[PDB]
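Novice: Residue numbers (the authors' numbering): 4 to 170.
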Amino acid sequence: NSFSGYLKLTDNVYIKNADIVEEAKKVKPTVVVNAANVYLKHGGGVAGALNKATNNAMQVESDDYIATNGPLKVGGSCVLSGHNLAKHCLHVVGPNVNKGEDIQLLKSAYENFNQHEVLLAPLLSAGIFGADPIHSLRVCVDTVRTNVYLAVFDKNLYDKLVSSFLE
Ligand SMILES: CNC(=O)Cn1cc(-c2cc3c(N[C@H](c4ccc5c(c4)S(=O)(=O)CCC5)C(C)C)ncnc3[nH]2)cn1
Numbered sequence: 004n005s006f007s008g009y010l011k012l013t014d015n016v017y018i019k020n021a022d023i024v025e026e027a028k029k030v031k032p033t034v035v036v037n038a039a040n041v042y043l044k045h046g047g048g049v050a051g052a053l054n055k056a057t058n059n060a061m062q063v064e065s066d067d068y069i070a071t072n073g074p075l076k077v078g079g080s081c082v083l084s085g086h087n088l089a090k091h092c093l094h095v096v097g098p099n100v101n102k103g104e105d106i107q108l109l110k111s112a113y114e115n116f117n118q119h120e121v122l123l124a125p126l127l128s129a130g131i132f133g134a135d136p137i138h139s140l141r142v143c144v145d146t147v148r149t150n151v152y153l154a155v156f157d158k159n160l161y162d163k164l165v166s167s168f169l170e
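So this is what it looks like as structure tokens:
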């Protein structure tokens with residue numbers, strides 16, 4: 004868990020302008036969070052990037068999990084292998100508001116983080132999931148009580164998020 008160059012926002016929430024994949028390779032965290040969908044199809048964005056860094060081993064393991072257990076719910080999660088990126092991957096489904104899912108489920112999505120002491124994570128429901136990223140950071144700070152290191156791969160968004168937190 005050798006996180007470097009993060010800015011501490013609260014006693015348990017840290018943030019960095021970084022690619023989560025590159026952070027996972029450098030840090031070797033105990034848990035890396037995936038911004039998953041309910042059938043664990045890692046077809047693009049953050050999930051596609053984490054899967055590609057495992058050379059597709061994450062997708063094969065995810066398909067086997069879904070075959071035995073069925074899909075996740077929106078706001079839910081499952082723990083699978085971290086492969087070469089972490090000890091464990093926590094696959095968390097935040098709401099996709101561009102697809103009509105309720106933004107209120109973002110609190111349930113972050114609540115999954117509280118079962119793990121230390122996590123490297125992306126900003127849930129941001130990007131093409133359509134949630135307002137400043138609102139996602141607020142829900143994270145209000146909901147997560149364990150130690151979370153957020154990697155946001157965009158300096159423009161990073162700067163807006165830090166400015167919003169420090170108002
Ligand atoms: C040349 N191809 C590539 O760059 C592929 N490639 C993408 C990455 C990569 C993207 C990324 C990231 N993006 C942020 C984000 C946060 C949450 C969600 C999304 C996006 S989404 O995937 O659109 C939908 C699910 C929720 C946005 C807001 C800057 N945040 C951290 N680490 C990240 N790593 C590496 N590689």
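Backbone N, C-alpha and C fix where the C-beta goes; we use that ideal spot for every residue, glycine too.
(1) Buried or exposed for residue 37, going by 16 or more other Cβ atoms inside 10 Å?
(2) For residue 146, which residues in the same chain have their Cβ closer than 7 angstroms to its Cβ, ignoring the five residues on either side in sequence?
(3) Would you kindly work out how many angstroms separate the C-alpha atoms of residue 46 and residue 13, rounded to a whole number?
(4) Return yes when the C-beta of residue 116 is under 8 angstroms from any heavy atom of ligand 1, and no when it is not.
(5) From residue 166 to residue 70, what does the alpha carbon distance come to, in whole angstroms?
(6) Please state whether DSSP places residue 139 in a helix, a strand or coil.
(7) Return the chain-ordered ranges of every beta strand (DSSP E) run that is complete within the segment 80-145 and spans a minimum of 3 residues.
(8) Helix, strand or coil for residue 153 per DSSP?
(9) For residue 11, list the residues DSSP reports as bridge partners.
(10) Would residue 97 and residue 134 qualify as a contact pair, given that the criterion is a beta-carbon distance under 9 angstroms?
(11) Taking only the alpha-carbon atoms, compute the straight-line gap between residue 33 and residue 16 and give it to the nearest angstrom.
(12) Rank 159, 121 and 127 by C-alpha distance to the C-alpha of residue 149 and give the top, closest one.
(13) Cutting at 8 angstroms between CB atoms, please list the residues of its own chain near residue 49, excluding the five before and the five after it.
(14) Just confirm the distance between the C-beta atoms of residue 137 and residue 93, as a whole number of angstroms; I'd bet it's less than 8 angstroms.
Specialist: Quick answer:
(1) Buried, because 16 or more other Cβ atoms sit within 10 Å of the Cβ of residue 37.
(2) Same-chain partners within the cutoff: 110, 113 and 114.
(3) Distance between the alpha carbons of residue 46 and residue 13: 33 angstroms.
(4) For residue 116, the Cβ stays outside the 8 angstroms cut-off from all heavy atoms of ligand 1.
(5) Distance between the alpha carbons of residue 166 and residue 70 is about 44 angstroms.
(6) DSSP places residue 139 within a helical segment (H, G or I) once states are collapsed to three.
(7) DSSP runs (the beta strand (DSSP E)) wholly in the segment 80-145: 80-84, 91-95 and 121-124.
(8) For residue 153, the three-state secondary structure derived from DSSP is strand.
(9) Looking at the DSSP assignment, residue 11 forms a beta bridge with 17.
(10) Yes.
(11) In this model, residue 33 and residue 16 are separated by some 16 angstroms (Cα to Cα).
(12) Taking only the C-alpha atoms, the option nearest residue 149 is 121.
(13) Once the five neighbours on either side are set aside, the close Cβ partners of residue 49 are 23, 37, 38, 125 and 130.
(14) With a Cβ gap of about 23 angstroms, residue 137 and residue 93 do not count as contacting.
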